Amino acid sequence: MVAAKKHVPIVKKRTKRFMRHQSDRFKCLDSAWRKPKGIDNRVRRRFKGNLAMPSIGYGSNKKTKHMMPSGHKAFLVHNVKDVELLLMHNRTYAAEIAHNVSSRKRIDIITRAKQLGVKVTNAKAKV
Amino acid sequence: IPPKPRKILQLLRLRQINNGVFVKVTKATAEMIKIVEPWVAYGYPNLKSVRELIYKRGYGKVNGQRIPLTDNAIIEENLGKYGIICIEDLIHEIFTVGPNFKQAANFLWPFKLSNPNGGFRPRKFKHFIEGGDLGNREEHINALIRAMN
Amino acid sequence: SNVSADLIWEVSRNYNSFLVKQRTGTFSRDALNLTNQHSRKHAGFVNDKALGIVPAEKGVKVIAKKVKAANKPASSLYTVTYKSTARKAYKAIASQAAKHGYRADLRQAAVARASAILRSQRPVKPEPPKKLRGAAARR
Amino acid sequence: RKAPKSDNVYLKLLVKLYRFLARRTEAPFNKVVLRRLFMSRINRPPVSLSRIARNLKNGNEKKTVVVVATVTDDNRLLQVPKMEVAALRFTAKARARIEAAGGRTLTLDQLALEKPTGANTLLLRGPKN
Amino acid sequence: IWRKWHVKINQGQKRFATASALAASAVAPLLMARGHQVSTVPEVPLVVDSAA
Amino acid sequence: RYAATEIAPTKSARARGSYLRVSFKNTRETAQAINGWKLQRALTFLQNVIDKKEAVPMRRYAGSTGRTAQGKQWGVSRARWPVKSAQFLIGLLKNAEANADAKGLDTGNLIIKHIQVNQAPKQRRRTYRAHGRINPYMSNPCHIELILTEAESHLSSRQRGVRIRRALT
RNA sequence: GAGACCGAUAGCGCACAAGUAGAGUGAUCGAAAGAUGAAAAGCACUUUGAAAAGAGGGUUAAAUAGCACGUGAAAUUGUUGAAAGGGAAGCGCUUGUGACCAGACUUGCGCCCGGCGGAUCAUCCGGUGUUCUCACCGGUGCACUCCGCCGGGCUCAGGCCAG
RNA sequence: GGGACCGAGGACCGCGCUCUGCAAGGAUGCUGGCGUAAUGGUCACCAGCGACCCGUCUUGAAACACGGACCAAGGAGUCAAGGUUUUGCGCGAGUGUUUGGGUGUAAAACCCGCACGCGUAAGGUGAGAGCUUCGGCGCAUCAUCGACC
RNA sequence: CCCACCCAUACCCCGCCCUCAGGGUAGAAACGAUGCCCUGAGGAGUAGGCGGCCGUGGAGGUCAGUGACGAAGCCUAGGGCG
């Protein structure tokens, strides 16, 4: 059915991104995280008041990982065969139509998914 | 810390801070503890201290693992061949130093105590005989243990 | 001999034409896969005894592998279409999987697949009207 | 070692079989066989018909010689005796000479069938040096 | 141009691989796994009459 | 295309000039001077600037500009007379007024709703400088555009009860 | 004739009126530079302007393609919208205000009644298939049994924040 | 007696007890409001607290010194030969087809003659993994005494 | 000299991530066995060593993949996963 399977509460240890050092000061440095290799760098040495560093300690719960706030795991679907592939996982997986799928094929995918009970993440894109 | 105290702490199984253990009083052990004087506080525990330490913070070394002592079956499967089949037997062996005290103490994982409720004395790094917390407090180690638990 | 279900799983666990792999899970497009999940339990084309349930025009078409016909694909699948009652399809499908020892571990999955296909064949409810909120609603 | 270095599916099947046997039996024979299956080629030197023949020259006749290695033929032997040999792989000449002598070629899965605990088995290794 | 574009393979290994491929072609599930639509065909190692 | 796309084209008048050979900075300053004004006021002001009767304030590009009492009309000290930019804006404003006449709008009620000066592709000259260097003289042209337009519950049960009681009493 | 090559800062220096423009007395040195559109159908006519051009109008699927032409990033800039600012800004943790948003829910399941309306109640008979005991058809069934709808009643489970 | 933080697990199994049950191997029951921007989130700003500008180089370390106007694109352990260690694969006292020749759906694939490259043409004492008919057999290899060239 | 009080990433309890270690799992109602279940411990890190993943151009196979009812690129005070 529409409602997802019962699950433990979704806890996110950290909600904001890991910003690369000096990306605020330079426009040539994109915000994507990079490991600082400087031997004197304060962000590498972990001085207080500085940017945090990604670590496995921030890892999300194994039984909660990869699922949306609704509780489904996203599955990228390109066609009616993909939604029929999701047929058996109504309460665990949700369908997400790929960006390159045309309007009529999206309509068909939503129709088959609504027959199957499979939740659609982007059901109202081209309506 | 010098290497001789570093080795004595390793052998007394005091790897962390607030890391109490039981020791059988003897010439060799007393000399070890007297050398490691500047880092530990030791004394003579009583029945209540032993009972509460075993009951609340008692864990066993089972195949090299820390198992909470929730079961007389665990006690029997580990120390049964020495006649210790229950936590009462373990407490008795610890308190009245029996023939198998070495086996009982080693089975007991070193007790990981919390910081005292009430703190230590104003300057904890002198001797108990000089207004501090280090060294041999004969029967006041009981009060320290109530603070630690 | 040289070939078995174990050998086939050894060859095909890492890559199939039926294998679809994404970040949230690995699935299988095989018609003899009752849960569309990549596993030796559910690899129908791998296992000697296997079951598969597909939709019909009104009901469910159930296929099962014939162990004495693995060399003959055109005559390797016992196909029965169950177009009577939901409860009767479940009875027959659970017997085909558990009475004579052909995949009792897949009995539950087969019954669930039949139920899901029948619910899919059931007529579908109209949508609730969409309600706008905040700036969009006042816009 | 948990996974073998080899990519051979049949060696993987043998590894699974003997892992099950080692876990579900009290057999150090099975444990050592699993260990020797996990070791690599340079640590599994070939065993020759000469070495096996002189290891059965004593009262060890009428037995199953198990070697987790490849058995090689030795031209220095004019005669090969009857013998119950099991190994990972044989040479063509080793098979031919054993079968002409009157023995039987055996694989490790077969040896697991007839002798799942290693009874009347002479376990042999080849020259490392 | 001297990049060593070609690979020397033992002929025994080439023949081993060919034999394994023939056995795999004889195996029926492997055709479906490779992506061949073999469901209306009997006798996976098809033999069609030479006179035909 | 025009930057201000929120104005319907049937109710306004427009004018454009591109690759105009006039100082971008001075043209921007005088455009800001005439921004938001009525058409006649802007035309008279630009003519007065040409005649050095009134001066435009230099706000941003105002390095080392002399002080004049005319700047007091703007609450500033740096005022200057960009004659060339004034003439260019007069030309575009008259073109926009002619477009308004063609469209039939009332010319006495038009304001300068949008005016924008952007930088055009730079042009080159070269002069001869000492110590072996040739000094570049890129001229700085600008684009100008302008548009004139006509001047014209989910309350709680407790809250619901409180309101009902207060309405009754 | 080809390629597991390169794809306009690449590939020969040269995909173009390139060994050209240009530099050096000379031997010599030596670049930059591709793309509208299917088709020029490359904007008739009106109006403002000295003109360049602008505004209407028109061609085109598109002028958000006008020969400064495929798509059109950043640096930098203008206009508008919102905001901050007692001798730096920027960055981390945590609220608060304002603006703007993704989810979740719209009820599902199962029992007690009545109205129905239909077609595949149990058992048995023949054929077929199969895991040789399980099914499938066709007949039988004749509607206190099945299967769907409606008008009601009840149970359980259902979102957010809390006591 | 009062307060705070937490509720991990998910049929039964076990230790127990105060045993018609239980506070005994991890939270249930009852109720209310709302069911929508209300919770939640992203941006901008304020507020309290924290917080040296990066890289290179030198030294025990600092300091100095050097590079840094900004952005886009390009940009630096590759290839070959000869050695050598390890891992995977085939054959194995042998191994290597592709110099060349024969087919070919034609630079592919398949097959092969004679050479050639590299390699090859006996114990005792004590341990010892692993077997045993529990009397003992005894891999590899090691220490010593050996035997031969 | 005495009493109470304040707080570190230290110590004690609980949750979660990962790593390591020790066990269980087939006359299979049976498994991405490269899986799953149980228990315990541990977590700074330069040179260096090992492993797994992410991304780009091109090639073989496959998804009987997507696409003028709009591929790719690009923008985004709009979201989701890691």
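Quick note: numbers below take in every heavy atom, side chains included, and nothing from hydrogens, waters or symmetry partners. Each chain gets a letter, A, B and so on, in the order the sequences are listed, and its residues count up from 1.
Regarding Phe111(B), its CZ atom lies at a distance of 15 Å from the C1' atom of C12(I), rounded to whole Å. Put simply, CE on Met68(A) is 15 Å from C1' on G82(I), counting in whole angstrom units. Per the geometry, CG belonging to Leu51(A) stands 13 Å off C1' belonging to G50(H), to the nearest Å. In this entry the distance linking CG of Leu93(F) with P of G49(G) reads 15 Å, nearest Å.
Base pairing analysis places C154(G) opposite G110(G); the two distances defining the Watson-Crick or G-U wobble pair are each below 3.5 Å. Look at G98(G): its Watson-Crick or wobble partner, with both distances under 3.5 angstrom, is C43(H). Base-pair partner of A8(G): not found among the strands shown (Watson-Crick or G-U wobble, both distances under 3.5 Å). Using the Watson-Crick or G-U wobble rule with both distances under 3.5 Å, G118(G) pairs with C146(G). In this entry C81(I) has no Watson-Crick or G-U wobble partner, no candidate having both defining distances under 3.5 Å. Nucleotide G61(I) is matched to nothing when pairs are restricted to Watson-Crick or G-U wobble geometry with both distances under 3.5 angstrom. Pair check for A53(G) finds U48(G); Watson-Crick or G-U wobble, both atom distances under 3.5 Å. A162(G) is paired with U31(H) under the criterion used here, namely a Watson-Crick or G-U wobble arrangement in which both key atom distances are under 3.5 Å.
Shown here, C144(G) is classed syn by the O4'-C1'-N9-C4 or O4'-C1'-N1-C2 angle, which is within 90° of 0. Look at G103(G): its glycosidic torsion is beyond 90° from 0, and that puts it in the anti range.
Comparing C11(I), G103(G), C139(H) by their closest approach to the side chain of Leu124(D) singles out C139(H). If you check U25(I), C131(H), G54(G) against the side chain of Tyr2(F), the one that comes closest is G54(G). The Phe29(D) side chain lies nearest to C131(H) when the options are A33(I), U66(I), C131(H). Considering only side-chain atoms of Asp73(D), the nucleotide from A37(H), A93(H), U34(I) that sits closest is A93(H). Picking from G32(H), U131(G), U133(H) the nucleotide with the shortest atom distance to the side chain of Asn120(D) gives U133(H). When the nucleotides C15(H), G103(G), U141(H) are ranked by their closest atom to the side chain of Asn129(D), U141(H) comes out on top. Each of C54(H), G82(I), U87(H) was ranked by its minimum atom distance to the side chain of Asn41(A); first place goes to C54(H). The listed nucleotides are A68(G), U141(H), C11(I); the one nearest the side chain of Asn18(B) is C11(I).
Judged by distance alone, with hydrogens and angles left aside, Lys131(C) brings a side-chain donor or acceptor within reach of the base of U106(G), the pair sitting under 3.5 Å. The base of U39(I) sits within donor-acceptor range of the side chain of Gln65(B), with an N or O pair under 3.5 Å. No hydrogens or angles were tested; on distance alone, a donor-acceptor pair under 3.5 Å links the side chain of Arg41(D) to the base of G90(H). For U66(I), the base has no donor-acceptor partner in the side chain of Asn100(A) [N/O atoms by modelled type, under 3.5 angstrom]. Taking 3.5 Å as the limit, the base of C79(H) and the side chain of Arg3(E) contain no donor-acceptor pair of atoms between them. One donor-acceptor pair, N or O on each side, does fall under 3.5 Å between the base of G54(G) and the side chain of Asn99(F). The base of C12(I) is not paired with the side chain of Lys112(B) by any donor and acceptor separated by under 3.5 Å. The base of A135(G) is not paired with the side chain of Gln96(C) by any donor and acceptor separated by under 3.5 Å. With hydrogens and angles ignored, a donor-acceptor pair under 3.5 angstrom links the side chain of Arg1(F) to the base of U64(G). Contact annotation: side chain of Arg125(D) to base of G130(H), donor-acceptor pair absent below 3.5 Å. For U9(I), the base has no donor-acceptor partner in the side chain of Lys48(A) [N/O atoms by modelled type, under 3.5 angstrom].
With the cut-off at 3.5 Å for both distances, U20(G) forms no Watson-Crick or G-U wobble pair with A61(G). Under the 3.5 Å cutoff applied to both distances, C29(G) and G22(G) qualify as a Watson-Crick or G-U wobble pair. Applying the 3.5 Å cutoff to both bonds, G126(H) and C142(H) register as a Watson-Crick or G-U wobble pair. If you check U95(H) against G117(H), you find a Watson-Crick or G-U wobble pair, both contacts below 3.5 Å. Nucleotides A157(G) and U107(G) meet the pairing criterion: a Watson-Crick or G-U wobble pair with both donor-acceptor distances under 3.5 Å. Judged by the 3.5 Å cutoff on both pairing distances, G96(H) and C116(H) qualify as a Watson-Crick or G-U wobble pair. In this structure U128(G) is paired with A135(G), meeting the Watson-Crick or G-U wobble definition at both distances under 3.5 Å.
Counting heavy atoms of neighbouring residues, nucleotides and ligands inside a 6.0 Å radius, atom NZ of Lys91(C) does not exceed 12 of them. In the displayed structure, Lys25(F) atom NZ is contacted under 6.0 Å by at most 12 heavy atoms of other residues, nucleotides or ligands.
Here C134(H) and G135(H) show unstacked bases; the six-membered rings are not both centred less than 5.5 angstrom apart and angled under 30°. Base stacking of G55(H) on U56(H): present (ring centres under 5.5 Å, plane angle under 30°). Here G34(G) and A35(G) show stacked bases; the six-membered rings are centred less than 5.5 angstrom apart and their planes meet at under 30°. The six-membered rings of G67(I) and its strand neighbour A68(I) do not satisfy centres under 5.5 Å apart together with planes under 30°, so the two bases count as unstacked. Stacking fails between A65(G) and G66(G) under the rule that six-membered ring centres lie under 5.5 Å apart and planes differ by under 30°.
Residues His38(C) and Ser28(C) bring no donor and acceptor atom of their side chains to less than 3.5 Å of each other. For the residue pair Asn18(B) / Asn115(B), a side-chain donor-acceptor distance below 3.5 Å is found, with atom types taken as modelled. Counted by atom type alone, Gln65(B) and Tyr59(B) present zero donor-acceptor pairs between their side chains at under 3.5 Å. For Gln116(F) and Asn118(F), the side-chain atoms include at least one donor-acceptor pair closer than 3.5 Å. Remark: the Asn75(D) side chain and the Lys93(D) side chain contain an N/O donor-acceptor pair separated by less than 3.5 Å.
At the heavy-atom level, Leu92(F) lies nowhere under 4.0 Å from the strands shown. Among the atoms of the strands shown, only primed sugar atoms or phosphate atoms (P, OP1, OP2) are found under 4.0 Å from some heavy atom of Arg60(F). Residue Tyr78(C) is in base contact, counting any heavy-atom pair closer than 4.0 Å across all strands shown. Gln32(F) comes within 4.0 angstrom of the backbone, heavy atoms only, and of no base. Within 4.0 Å of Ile52(D), counting heavy atoms only, lies no atom of the nucleic acid at all. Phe18(C) comes within 4.0 angstrom of nothing in the nucleic acid, heavy atoms only.
Under the 30°/60° scheme for interplanar angles, the aromatic rings of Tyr19(F) and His143(F) are found to stand perpendicular.
Taking the six-membered ring for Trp, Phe27(C) and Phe18(C) have ring centres at least 6.0 Å apart.
The shortest distance between the side-chain N/O atoms of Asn79(A) and the OP1/OP2 oxygens of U66(I) is below 4.0 Å. Distances shown here put a side-chain N or O of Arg15(E) below 4.0 Å from the OP1 or OP2 atom of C111(H).
For the pair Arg14(A) and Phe18(A), the distance from NZ or CZ to the six-membered ring centre is under 6.0 Å and the angle to the ring normal is within 45 degrees.
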